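before the rest arrives, take these chain(s) from the complex:
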Amino acid sequence: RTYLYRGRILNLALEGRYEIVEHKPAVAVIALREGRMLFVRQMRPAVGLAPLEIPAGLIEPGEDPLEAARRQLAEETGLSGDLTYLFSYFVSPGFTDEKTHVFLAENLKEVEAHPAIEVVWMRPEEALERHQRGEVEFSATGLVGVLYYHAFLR
């Protein structure tokens, strides 16, 4: 386990033949209101475009997933709600340890008028159609939100 780089959002290390990227864990929040899902978009230099995602972000030191979820939702959209843990997933276990904890948010209320991040309320059916037509791209969190909705929220 040798480190070739210790950065801000990640560290690059080696374990023999394997290249490993250590990354802070993350959270994502699925929120539905009047049939529309709460998506967000922002410039992502790593991909060169703005995919459709859901409120998400890194878990800061001292925070547990639930607290981080509350914060990301408030900071990115200015909303608060009753959160319920759903499940988690490793974004790409073949090279990184980033683990994402997904929550469901209900009974949304605005806690701050002042939420870089574009808030995009959109019916999940519409998001899926636009993607199938090649009009928009998805981040893992956005796709998970869309699939979760079709599976358990209709």
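Arrived safely, thanks for sending. Numbering: from 1, shown residues only, chains lettered A, B, ... in the order given.

gap between stretch A:138-152 and the chain center?
Its chain's C-alpha centre and that of stretch A:138-152 lie 10 Å apart, by Cα atoms, centre = their mean, to the nearest Å.

that one: which residues count as buried?
Along stretch A:138-152, these residues count as buried under the neighbour rule (16 or more other Cβ atoms under 10 Å): A:138-146, A:148-149. In this view, the C-beta of every residue, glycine as well, is placed from N, C-alpha and C.

among these, which one sits closest to residue A:62?
Residue A:62 lies nearest to residue A:141 out of these, by Cβ to Cβ, at 22.8 Å.

contacts for whichever strand or helix holds the closest one next, please.
Using DSSP states H and E, residue A:141 sits within helix A:140-152. The contact list for helix A:140-152 (Cβ atoms under 8 Å, 6 or more residues apart in numbering) reads A:28, A:30, A:32, A:37, A:39, A:51-54, A:56, A:86, A:89, A:91, A:100, A:102, A:104, A:124-125, A:127-128, A:138.

rewinding a little: list just the nearest of the buried residues of stretch A:138-152 to residue A:47.
Nearest member of these to residue A:47, counting by Cβ to Cβ, is residue A:139, at 8.7 Å.

without its sequence neighbours, what residue ends up closest to that closest one?
residue A:53 (4.0 Å; Cβ to Cβ, 6 or more residues apart in numbering).

next up, the contacts around the one you found.
Residue A:53 neighbours (Cβ under 8 Å, 6+ apart): A:28, A:39-42, A:138-139, A:141-142.

at 10 Å what do you get?
Counting by Cβ atoms under 10 Å, 6 or more residues apart in numbering, residue A:53 touches A:28, A:39-42, A:44, A:76, A:117, A:120, A:137-145.

ok, residue A:9 next?
Residue A:9 neighbours (Cβ under 10 Å, 6+ apart): A:21-24, A:58, A:98.

redo that, cut-off 7 Å
A:23-24 (Cβ atoms under 7 Å, 6 or more residues apart in numbering).

how far away is it from residue A:85?
Distance, residue A:9 to residue A:85, by Cβ to Cβ, to the nearest Å: 24 Å.

got it, and residue A:129?
Distance from residue A:129 to residue A:85, by Cβ to Cβ: 29 Å.

now do residue A:91
In terms of Cβ to Cβ, residue A:91 sits 18 Å off from residue A:85.

those two: which has the busier surroundings?
More crowded of residue A:91 and residue A:85, by other Cβ atoms under 10 Å: residue A:91, with 16 against 13.

following sequence is chain B, add it:
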Amino acid sequence: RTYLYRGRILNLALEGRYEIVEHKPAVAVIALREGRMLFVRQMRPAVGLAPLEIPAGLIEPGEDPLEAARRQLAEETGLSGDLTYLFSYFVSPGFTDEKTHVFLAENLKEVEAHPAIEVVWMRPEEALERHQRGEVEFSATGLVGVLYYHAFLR
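Following on from the chains above, chain B is added here:
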């Protein structure tokens, strides 16, 4: 766009204040048979455990997503089938450009008796329950497969 490392499965670069990890695109295959989903497990040094995933892998030079999907399915499980493109997603757009193309596989047939990789046929409902109980972890591909099944394959 400065490079601090050019490796095998990834490159580490910088774009001002952003740390970017360039990674080859990938594919994942969702397959259902007799109510069981085709999951796979393998040691993943980056995470320290073996999460529940679905057949997946990198797209090699010269290959398009469909061809890569056929190959990963055959090499990891020894099966072949009729593949249909479903959708794609960026695993973690906040730091990497890895994009995953997901396919559905139907009418499975064994093409090789000789498929590191553990083949795990399991009902998606069971996979979800075990995860909720904290008995198993999910990779993004495994979770996407489970959610896709609950949304459109029942």
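
please reconsider the contacts of residue A:9 now that chain B is part of the model.
A:23-24, B:19, B:95 (Cβ atoms under 7 Å, 6 or more residues apart in numbering or on different chains).

among those, which ones are in strands?
A:23, B:19 (DSSP state E).

may I have the helix holding residue A:141 as PDB, with CA atoms only?
Extracted in PDB, the C-alpha atoms of helix A:140-152 (Å, rounded to 0.1, in the frame of the first residue of the first chain):
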ATOM      1  CA  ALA A 140     -24.900   7.100 -11.000                       C
ATOM      2  CA  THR A 141     -27.000   9.000  -8.400                       C
ATOM      3  CA  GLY A 142     -29.400  10.300 -11.000                       C
ATOM      4  CA  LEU A 143     -29.900   6.900 -12.600                       C
ATOM      5  CA  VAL A 144     -30.400   5.300  -9.200                       C
ATOM      6  CA  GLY A 145     -33.000   7.900  -8.300                       C
ATOM      7  CA  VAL A 146     -34.900   7.300 -11.500                       C
ATOM      8  CA  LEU A 147     -34.800   3.500 -11.200                       C
ATOM      9  CA  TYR A 148     -35.800   3.700  -7.500                       C
ATOM     10  CA  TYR A 149     -38.800   5.800  -8.400                       C
ATOM     11  CA  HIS A 150     -40.000   3.500 -11.100                       C
ATOM     12  CA  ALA A 151     -39.500   0.500  -8.800                       C
ATOM     13  CA  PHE A 152     -41.100   1.700  -5.500                       C
END
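
is chain B contacted by it?
Yes. Using Cβ under 7 Å from any Cβ of the partner chain, helix A:140-152 reaches chain B at A:140, A:143-144, A:147-148, A:150-152.

give me the secondary structure label for the residue nearest to residue A:4 when sequence neighbours are not counted.
Leaving aside its chain neighbours, residue A:4 sits nearest to residue A:12 (5.0 Å; criterion: Cβ to Cβ, 6 or more residues apart in numbering or on different chains). Secondary structure assignment for residue A:12 (DSSP: H, G, I helix; E, B strand; the rest coil): strand.

I'd assumed residue A:21 was in contact with residue A:12.
Yes. In this structure residue A:12 lies within contact range of residue A:21 using Cβ atoms under 7 Å: 5.8 Å.

higher neighbour count, the two?
residue A:21 (26 against 22; other Cβ atoms under 10 Å in any protein chain shown).

count the residues that sit near the nearest residue to the more buried one once chain neighbours are set aside.
Counting by Cβ to Cβ, 6+ apart, residue A:21 lies nearest to residue A:96, which is 4.3 Å off, once chain neighbours are set aside. Using other Cβ under 10 Å, residue A:96 has 26 other residues around it.
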